[PDB]
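What follows is a single structure, written as structure tokens, with notes after it.
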Amino acid sequence: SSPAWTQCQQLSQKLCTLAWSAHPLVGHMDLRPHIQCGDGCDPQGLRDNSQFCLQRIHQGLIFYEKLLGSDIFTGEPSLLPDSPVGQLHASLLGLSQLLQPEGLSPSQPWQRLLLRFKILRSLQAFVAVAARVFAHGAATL
Amino acid sequence: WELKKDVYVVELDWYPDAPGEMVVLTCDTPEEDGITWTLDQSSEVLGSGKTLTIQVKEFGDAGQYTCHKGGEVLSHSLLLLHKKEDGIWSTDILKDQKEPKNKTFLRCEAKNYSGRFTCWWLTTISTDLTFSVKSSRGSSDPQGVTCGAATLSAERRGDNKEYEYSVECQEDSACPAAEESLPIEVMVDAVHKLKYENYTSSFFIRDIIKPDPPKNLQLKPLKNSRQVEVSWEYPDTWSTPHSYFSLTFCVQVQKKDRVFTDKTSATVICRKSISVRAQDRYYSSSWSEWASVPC
Amino acid sequence: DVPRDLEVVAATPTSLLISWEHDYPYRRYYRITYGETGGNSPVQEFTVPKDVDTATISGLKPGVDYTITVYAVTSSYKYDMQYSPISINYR
Ligand SMILES: *[C@@H]1O[C@H](CO)[C@@H](O[C@@H]2O[C@H](CO)[C@@H](O[C@@H]3O[C@H](CO)[C@@H](O)[C@H](O[C@H]4O[C@H](CO)[C@@H](O)[C@H](O)[C@@H]4O)[C@@H]3O)[C@H](O)[C@H]2NC(C)=O)[C@H](O)[C@H]1NC(C)=O
């Protein structure tokens, strides 16, 4: 029942670090599934009932692990050796498992490079929300 | 097009050649009698009839058009010019900041996740300027953001004679903890005399965050140790609860000797000076300005 | 402009050797710009790779205040994270 707040806090913090450790875009440039207010991931909401929030976080993590393991990321143009995608994927898996242990297509290469950037940006926002949730829960619950 | 009641913007392809647009003005009245038209303060009759056709080519063609009948003023319309030069709308009024990136005319910053932020811009011009600021989250089903009046905020001899304007905005229904889906759009209408220009910016609050510096920076001697205990607090403006909206810090004694910590304290060897800055612990965004204390 | 994080390490009557500290790992490379403080000169610029924190600014003019700025370039996208520039004024 205790979703191991401390371990979740530590993992979510590492996910935030990884997500900002490298810039996604290559030699490439251009100019041009969300935790909403009703999802109860805000402090007052986590206070009353935390299961809603944690279910929403779990669903988000599964969503991103699926994207990171998809052909958008595996396959050409091949990710650089400095990419944190490998580690990010493993950490998303790691965390989703701590939450519940028991139990739109890439074509042209320029389009995968841009999609990877977009997914990673959106992932940064998501992981930050999760990190604040686990840190508050760890400190107050 | 109408930029407010009785204020029109023309749109001209601006070239030394330019035939400059035919505009049809209509007198607001019922109608078809001894109507005459004048421009600005000149008594020169430009035409008669319920409509007046103008070949708008220069600023001399803009201004206040007034229609009259039987010694009475019927209606008045102000014409402004929006220049398009070599296919791009003019940006003569505002100076380019180049700060986060190039062609940057509007700069926006947020000190916390409350839906409150500030935008600023620069100008060389001091007189006959008006600005109007509007904002919304998204374009499609736009959600309200309320902005205050634009105001001079700083004025920084001639070579360096520049004026800085600013506005403060607040998102109407903000949810600081939520993952933002649609960006905030900011639009500035700028009018210099009879010249119209518009400027726009688009961003997520998370990306414009820059915390204020850490507060109450202090040095406390340690007992059977001979180094100091550096301490500080989160800035008053930062979002609360701090247990959720966490910060990370950098302590520097003066590469130069730098320590990183999530704690609001650190232990260093103070020579004969200590600086601390802050950043969002989980997203990133800009580091705050430094807070210093002499060793 | 007392404490530092971008600093002039060395200097001649026509040059400055500048140095700074890496602060944003999400950087792609650095952009350096320089021009007379009064801003009556154009502002010249050049780039430096991500992993380089030192540069030489040649052909300057003595008795001329120069504003030197350094940016940590991420990208140029409408919604990419854009970090604040850091600058100093010298001579
Ligand atoms: C920033 O600058 C741009 C360029 O000046 C500016 O765009 C212009 O805005 C107006 C209004 O949004 C545009 O007009 C619209 O398009 C057509 C033709 O005018 C019509 O669908 C509408 O016009 C009116 O027509 C009738 C009156 O004549 C009425 O039935 C009614 O009042 C209609 O509204 C419509 O408004 C204009 O075309 C653009 N310009 C370009 C190049 O497309 C933009 O609005 C500025 N931003 C701000 C915040 O003001």
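Read-outs: derived from the displayed coordinates by stated rules, not from any lab. Backbone-built Cβ (ideal geometry, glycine too); neighbour counts: all protein chains shown.
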Within chain A, helix-based [θ] at 222 nm, where runs of 4 or more DSSP H residues each add -39,500 (n - 2.57), nearest 500: -21000 deg cm²/dmol
Measure out, as a whole number of angstrom, how far apart the alpha-carbon centroids of the stretch B:42-78 and the stretch C:67-91 sit. 50 Å
Across the stretch B:92-107, in residue order, what do the Karplus-derived ³J(HN,Hα) couplings come to in whole Hz, using 6.51 cos²θ - 1.76 cosθ + 1.60 with θ = phi - 60° and x for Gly and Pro? 7, 5, 9, 8, 5, 6, 6, 4, x, 8, 5, 4, 10, 9, 10, 10
Label model pair A:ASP82, C:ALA11: point-to-point distance (7 angstrom along the Cα→beta-carbon line) in nm is 3.2 nm
Sequence-distant residues sharing a close amide H with C:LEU60 (under 5 Å, placed H): C:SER15
Greater than 26 Å separation of Cα atoms is the criterion. Which listed pairs, B:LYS84/B:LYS111; B:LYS220/B:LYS272; B:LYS256/C:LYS61; B:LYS84/B:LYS210, meet it? B:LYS84/B:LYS111; B:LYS256/C:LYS61; B:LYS84/B:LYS210
How far apart, in nm, are the 7 Å Cα→Cβ label points at B:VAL259 and A:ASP71? 5.3 nm
Interchain or long-range residues, amide H under 5 Å from B:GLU229's placed H: B:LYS220, B:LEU222
Note the direction-averaged projected area, equal to a quarter of the hull surface, for the Cα convex hull of the protein assembly as shown, in nm². 34.4 nm²
Integer Hz, Karplus 6.51/-1.76/1.60 couplings in order for the stretch B:217-233, x for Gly and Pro: 5, 9, 10, 10, x, 9, 4, 7, 9, 10, 9, 8, 9, 8, 9, 6, 10
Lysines within cross-link reach of B:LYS83: Cα-Cα under 27 Å, excluding same-chain residues under 8 positions apart? B:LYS4, B:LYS5, B:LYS57, B:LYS95, B:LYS98, B:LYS101, B:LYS103, B:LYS134, B:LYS161, B:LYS193, B:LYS195, C:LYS78
With label points set 7 Å from each Cα along the Cα-to-Cβ direction at B:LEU46 and C:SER41, the distance between them in nm comes to 4.9 nm
Sum -39500 (n - 2.57) across every DSSP H segment of at least 4 residues in chain B, then divide by the residue count to get the 222 nm mean residue ellipticity, nearest 500. 0 deg cm²/dmol
17 Å cut-off, amide nitrogen to a point 7 angstrom out along C:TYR79 Cα→Cβ, residues in the stretch B:173-190: B:178-186
For chain C, the Cα gyration tensor yields equivalent-ellipsoid semi-axes (√(5λ), largest first, whole Å) of 24, 14, 12
Quick one: pull the percentage of alpha-carbon pairs in chain B with a separation above 26 Å. 62 percent
